[PDB]
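As a starting point, one isolated chain is supplied in structure tokens, in the form deposited in one PDB entry.
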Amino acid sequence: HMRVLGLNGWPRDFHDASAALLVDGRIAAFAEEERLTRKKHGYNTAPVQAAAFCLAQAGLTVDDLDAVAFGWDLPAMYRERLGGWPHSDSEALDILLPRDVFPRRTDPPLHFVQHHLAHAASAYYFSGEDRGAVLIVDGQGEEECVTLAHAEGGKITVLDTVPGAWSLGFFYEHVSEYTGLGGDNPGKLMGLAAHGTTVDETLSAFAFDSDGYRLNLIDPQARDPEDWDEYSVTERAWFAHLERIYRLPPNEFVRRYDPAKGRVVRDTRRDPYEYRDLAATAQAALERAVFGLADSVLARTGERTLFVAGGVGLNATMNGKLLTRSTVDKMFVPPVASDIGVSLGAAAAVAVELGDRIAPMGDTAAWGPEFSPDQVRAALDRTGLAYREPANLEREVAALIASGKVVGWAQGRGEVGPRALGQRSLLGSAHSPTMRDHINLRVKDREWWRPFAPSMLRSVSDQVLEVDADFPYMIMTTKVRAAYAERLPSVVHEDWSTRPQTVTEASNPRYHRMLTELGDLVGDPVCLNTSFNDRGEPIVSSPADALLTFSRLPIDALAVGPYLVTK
């Protein structure tokens, strides 16, 4: 067997710590640090808990590993931006895998994988396609913010890159910050965009061309001498520019004691909804730029299959329009397009180099921890809530959903990536014209303008959606057929878009069975599926997490493992 532990996360200015374990090219385990620590975004940390879980899941120690792989060329970043890489592999391993958690007889081989290559590997090798065009777009790797590459014959060959100062990721983040939604919530900006109108998609900053874009607002070779990426340089340029060209100045954050909460809370001076037009315009600019890049690399490679990864790959709206594009026949974007995925991608790049073949991801992201009935019952008993073990859990949950109840659903291995996919989900009626406001305003406490997304049987997705293909990850939007756009109001957006999950019996028998039962009740085997967490907080992982959230929020029922708890 070849066993490779991929890692992301480092104590110095880092985010999205995660760990993935490949055994013979198959994913044995994969988790995000934030889900285990309950600290959102897994900032500034080696993936200690995620990696400990991976080893425990596979019954392994560090001594059983053929290699440890890290998803950045860290040594090169230290040499370039911080005056040298001070660590021996052994010292680096003591940081990535502290010995108090990871005892070891000796050091496994340590590999650093260039950041965009790791992103690329997480898309290509797990796609089930043997070749295609690679588009990597994020905030910034070691230097570049975009990579165009060719994936073929098991190799990934870089064709071109874009310098960090021209980052589409930084741009989008800075606009997000500017609106008051926050740089850490670009997904909110994506949601806001449909409520607004675009007049000038250049923002007087971008020039567009058939191969991508230009930003004469910033010297493309600008480098921050005081930091190790161009985040701060771009932030200043964008904030100055936006305040100059947009009718509203930056939205400011307000911190004030709230006597009803008994604590200082953070709010915004203006309602971010006010900036909806800027959101629409920023979204259109992003799409325009990426369409160019995508057309370019597809043409240069002679491929019609497109692989996308990097954080900008989380832009499901952009992905859905790329899919629709005349230059694209097939598209694969992994659930872990952000830095969450470079642990997996580093592991894959190394496993391939070591002679393994990588299995397709397979329409599932369920690789985190799962809990047996006994473990769940122990968390249940801890709380002293009454509960049942229904003879047919799936039927009862479907009936609860049909009646307009919101149901927590914590089953099997936790999802990796930012979307709940029927493992750690909050479920509600797709057919209810009030469910959307109820979950936003009452349950998860979100902005009224934020849309929800549906799960549905793959077997009916052709009838429901304007595109007939697998959508296993909720990472692409598409249009709902007019025949259903009115039947499924809670899971449709301002522009008749939806961000669906298609479910196969193979991928998730239980969820599949629940949806089937639901279809017998409401006509369509479709439900609202939002992630099981208070708005803002990390998706719940453990039975105790789920119970804490079930009890803090006005959720009607919780199906956790084989048990059902009702308020």
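Start at 1 with the first residue shown and count on from there. The term rigid core refers to the maximal set of C-alpha atoms that superpose within 1.5 Å between the two forms.
Form deposited in another entry: not shown, discussed below.
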*Of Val480, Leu393, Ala165, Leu380, only one moves its C-alpha by 2 angstroms or more between this form and the one not shown once the rigid core is aligned, so tell me which.*
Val480
*Core-aligned C-alpha movement of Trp228 between this form and the one not shown, 2 Å or more*: no
*Exceeds or equals 2 Å, Cα of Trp496 between this form and the one not shown, core fit*: yes
